[PDB]
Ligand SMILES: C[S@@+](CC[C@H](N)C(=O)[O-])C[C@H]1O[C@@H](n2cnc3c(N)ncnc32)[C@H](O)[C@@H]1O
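Below you'll find only one chain, the form deposited without this ligand, shown as structure tokens.
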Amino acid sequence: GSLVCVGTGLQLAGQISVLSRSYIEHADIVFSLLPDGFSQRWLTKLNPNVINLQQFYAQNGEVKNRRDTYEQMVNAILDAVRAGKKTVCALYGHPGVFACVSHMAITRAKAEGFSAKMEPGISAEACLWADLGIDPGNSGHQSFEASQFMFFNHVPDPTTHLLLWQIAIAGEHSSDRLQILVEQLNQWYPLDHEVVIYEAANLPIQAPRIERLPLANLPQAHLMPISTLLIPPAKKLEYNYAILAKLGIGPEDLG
């Protein structure tokens, strides 16, 4: 058997790649880790042989560790592959982005000598660029998981568009934690620096959340799991006179 992990993108039905959809259609068995019921209903109609891995999560208010549950999910996927089934895993967004189970399953499938691959899909970040009309290449781009940004030393380049993901759980090992994030960011960004809270739309009738507000107000904003923080540049680009010199040119030579 074999394994292919695909993503659905963010938008229902419409944002999945043509090939990725085809993979689901023609699969012997599909393991789904989809967020909502519209997504689930849609998948079931592509292929009736669907196993919802969400079932492996805690049920009836039982206690269950993430790492144990991921292991069960992965083991369930691999069992299908071992049995000889053309197995497809359908994840949300891009299947290798904020997704340990895909990576783990593919890793384990390879190690056991099975064919296994990841198909790219449209991530929340891809949606952000389109919705806000921003090119990451315009002044550069940096993305961090918000908690990682707080726990470890990651000095941003303030000429870039800075993205902080999973802002809703920033600093979890609350307005208190977000206030700490504000003070951190205030090293490089003024408190009245306009930032944007972004949430990609998941339904075609649904507008994306694009809330502009001063940095200082972030602690008092309502956040969801999908919320992301965009921090636009605080400084214009400035010439690297040293490197230009080495190149034997000046700012005037830039076409």
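In this text, the rigid core denotes the largest set of C-alpha atoms whose superposition between the two forms falls within 1.5 Å. All residue numbers refer to positions in the sequence shown, first residue = 1.
With 161 to 169 and 68 to 76 compared on mean CA B-factor from the PDB entry, the stretch scoring higher is 68 to 76.
Stretches 143 to 151 and 174 to 182 differ in mean CA B factor, with 174 to 182 having the higher one. Comparing the C-alpha B-factors of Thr228, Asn60, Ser32, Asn47 in the entry, the top value falls on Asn60.
For the set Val18, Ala245, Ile24, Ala13, the maximum C-alpha B-factor listed in the entry falls on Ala245.
In the deposited entry, the Cα temperature factor of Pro204 sits in the bottom third of values across the chain's modelled residues. When all modelled residues of the chain are sorted by CA temperature factor, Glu112 is found within the highest third.
The discussion below concerns the form solved in complex with this ligand, not included here.
Stretch-level contact check against this ligand in the deposited complex with heavy atoms at 4.5 Å: of 91 to 99, 73 to 81, 177 to 185, 152 to 160, the positive one is 91 to 99. In the deposited complex, none of the heavy atoms of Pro48 sits within 4.5 Å of a heavy atom of this ligand. Though the partner is left out of this view, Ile231 does not reach within 4.5 Å of this ligand in the deposited complex, counting heavy atoms only.
Residue contact check for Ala124: one or more of its heavy atoms lie within 4.5 Å of this ligand in the deposited complex. Contact check for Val195: every heavy atom lies farther than 4.5 Å from this ligand in the deposited complex. Though this ligand is absent from this view, in the deposited complex it lies within 4.5 Å of a heavy atom of just one residue from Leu218, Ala27, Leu53, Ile226, which is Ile226. Taking the core as reference between the shown form and the other one, the lone member of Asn186, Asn65, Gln220, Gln206 whose Cα moves by 2 Å or more is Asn65. Taking the rigid core as fixed, one finds a CA shift for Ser115 smaller than 2 Å between the shown form and the other one.
After superposition on the rigid core, the Cα of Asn138 moves by 2 Å or more between the shown form and the other one. Taking the rigid core as fixed, one finds a CA shift for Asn75 of 2 Å or more between the shown form and the other one.
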